[PDB]
Amino acid sequence: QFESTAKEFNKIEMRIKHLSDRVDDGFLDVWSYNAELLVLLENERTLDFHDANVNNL
Amino acid sequence: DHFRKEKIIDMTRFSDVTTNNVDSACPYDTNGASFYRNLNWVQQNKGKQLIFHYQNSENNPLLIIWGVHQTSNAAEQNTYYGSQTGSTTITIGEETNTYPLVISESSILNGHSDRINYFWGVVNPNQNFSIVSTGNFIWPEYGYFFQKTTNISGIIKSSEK
Amino acid sequence: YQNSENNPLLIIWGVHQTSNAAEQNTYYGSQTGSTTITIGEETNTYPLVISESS
Ligand SMILES: *[C@@H]1O[C@H](CO)[C@@H](O[C@@H]2O[C@H](CO)[C@@H](O[C@@H]3O[C@H](CO[C@H]4O[C@H](CO)[C@@H](O)[C@H](O)[C@@H]4O)[C@@H](O)[C@H](O[C@H]4O[C@H](CO)[C@@H](O)[C@H](O)[C@@H]4O)[C@@H]3O)[C@H](O)[C@H]2NC(C)=O)[C@H](O)[C@H]1NC(C)=O
Ligand SMILES: *[C@@H]1O[C@H](CO)[C@@H](O[C@@H]2O[C@H](CO)[C@@H](O)[C@H](O)[C@H]2NC(C)=O)[C@H](O)[C@H]1NC(C)=O
């Protein structure tokens with residue numbers, strides 16, 4: 001989806017700003033963890049893919 | 001997708017009052033005393049009531065910005081407006097916004113113990129707005145016709161060009 | 001009033017904002033009229049407001 005930077009609340013709404021801050025923290029943790037293990041899993045499978053092709057010749 | 005300044009109110013049609021009032025807290029590039037281009041400061045209402053009506057016959061919503069003057073004391077209120085009154089009700093479509101007269105010192109900033117507080121609203125196409133004021137009002141002489149876009153971006157804070 | 005029921009009670013009220021002194025006088029016969037409604041320990045106070053609207 002279209003990414004936005006409008007994340008500002010007024011001076012007496014710091015709690016809403018904190019909610020916005022932790023919402024972005026949550027997605028940061030979700031994407032970081034999924035991205036790390038995606039690359040780790042696929043790299044192990046890619047090397048196995050080459051081994052299978054060599055064995056198949 | 002579109003953004004035009006236009007003139008929305010002919011300020012010359014209000015009688016027994018002064019318009020285009022200025023102040024040294026808002027100089028031009030030279031120096032001196034000026035004021036916001038789109039906002040017209042009206043003084044010396046003298047308790048008299050002013051009425052204005054408008055209809056957005058444009059095919060785009062209209063953004064208007066106004067201000068309400070909070071004076072420091074009875075003397076300052078008397079000098080600017082000549083009456084211990086001055087209250088504005090601005091109606092946009094079906095909302096009503098009422099700004100009763102408020103007199104109170106504040107700490108002095110830019111040589112001002114008084115304040116002008118700014119508000120805004122959106123007049124949709126074929127919708128109306130009206131102003132009833134007895135003083136202490138800064139009129140939305142100019143406004144911006146604009147076209148909304150769905151994807152919201154925000155503000156980039158940087159010193160770069 | 002005391003809610004002696006075994007369920008919470010939802011109540012809805014309204015506060016009248018009159019247009020002018022004449023309209024205030026016709027409806028209530030006095031240039032006053034203020035309501036304080038207390039629920040448990042909150043206090044809600046609605047002072048008289050007189051002002052035209054569209
Ligand atoms: C507000 O923000 C959103 C998000 O950024 C924007 O929405 C995106 O808009 C673009 C362009 O309008 C969309 O991309 C287009 O998707 C079409 C559908 O793709 C699916 O189906 C095709 C098969 O028909 C698959 O190949 C594809 O993988 C998808 O499964 C495509 O048909 C479009 O193809 C266009 O580009 C190719 C080259 O890349 C050309 O060859 C084509 O001829 C064609 O021109 C295109 O890919 C995108 O999907 C939208 N995303 C979302 C989340 O909405 C809004 O546009 C934006 N608003 C404004 C005003 O900018
Ligand atoms: C917005 O303002 C216009 C103009 O005052 C209102 O339309 C007019 O209504 C009178 C009757 O009171 C008619 O005689 C005019 O012919 C109307 N003018 C137009 C251009 O239609 C309109 O009703 C107002 N809108 C709302 C919601 O009050």
# chains A, B, ... in the order shown; residues from 1 in each chain; ligands from 1
call {"tool": "select_by_dssp", "arguments": {"residues": "chain A", "states": "alpha helix (DSSP H)", "output": "MDAnalysis selection string"}}
result
chainID A and resid 14:56
call {"tool": "residues_near_ligand", "arguments": {"ligand": "ligand 2", "cutoff": "9 Å", "atoms": "only C-alpha atoms and all ligand atoms", "output": "ChimeraX atom specification"}}
result
/B:53-57,93-94,126-129
call {"tool": "residues_near_ligand", "arguments": {"ligand": "ligand 1", "cutoff": "10 Å", "atoms": "only C-alpha atoms and all ligand atoms", "output": "list in words"}}
result
residues 1, 2 and 3 of chain A; 1, 149, 150, 151 and 152 of chain B
call {"tool": "select_by_dssp", "arguments": {"residues": "range 7-128 of chain B", "states": "strand (DSSP E or B)", "output": "PyMOL selection string"}}
result
chain B and resi 7+18+23+34+39-41+43+50-55+62-71+88-92+95-99+103+109+112+115-123+128
call {"tool": "closest_residue", "arguments": {"among": "C:36, C:20, C:2, C:7", "to": "residue 52 in chain C", "atoms": "only C-alpha atoms"}}
result
C:20
call {"tool": "residues_around", "arguments": {"residues": "residue 46 in chain C", "least_positions_apart": "4", "cutoff": "12 Å", "atoms": "only C-alpha atoms", "output": "VMD selection string"}}
result
chain C and resid 13 to 17 32 to 38
call {"tool": "atom_distance", "arguments": {"atom1": "CA of residue 49 in chain B", "atom2": "CA of residue 22 in chain B"}}
result
21.8 Å
call {"tool": "interface_residues", "arguments": {"of": "chain A", "to": "chain B", "cutoff": "6 Å", "atoms": "only C-alpha atoms", "output": "PyMOL selection string"}}
result
chain A and resi 4-6
call {"tool": "residues_around", "arguments": {"residues": "residue 70 in chain B", "least_positions_apart": "5", "cutoff": "12 Å", "atoms": "only C-alpha atoms", "output": "list in words"}}
result
residues 76, 77, 80, 81, 85, 86, 87, 99, 100, 101, 102, 103, 104, 105, 106, 112, 113, 114, 115, 116, 117, 118, 135, 136, 137 and 138 of chain B
call {"tool": "atom_distance", "arguments": {"atom1": "CA of residue 38 in chain A", "atom2": "CA of residue 50 in chain A"}}
result
18.3 Å
call {"tool": "closest_residue", "arguments": {"among": "B:95, B:66, B:2, B:31", "to": "residue 143 in chain B", "atoms": "only C-alpha atoms"}}
result
B:66
call {"tool": "interface_residues", "arguments": {"of": "chain C", "to": "chain B", "cutoff": "10 Å", "atoms": "only C-alpha atoms", "output": "ChimeraX atom specification"}}
result
/C:51-54
call {"tool": "atom_distance", "arguments": {"atom1": "CA of residue 140 in chain B", "atom2": "CA of residue 18 in chain B"}}
result
15.1 Å
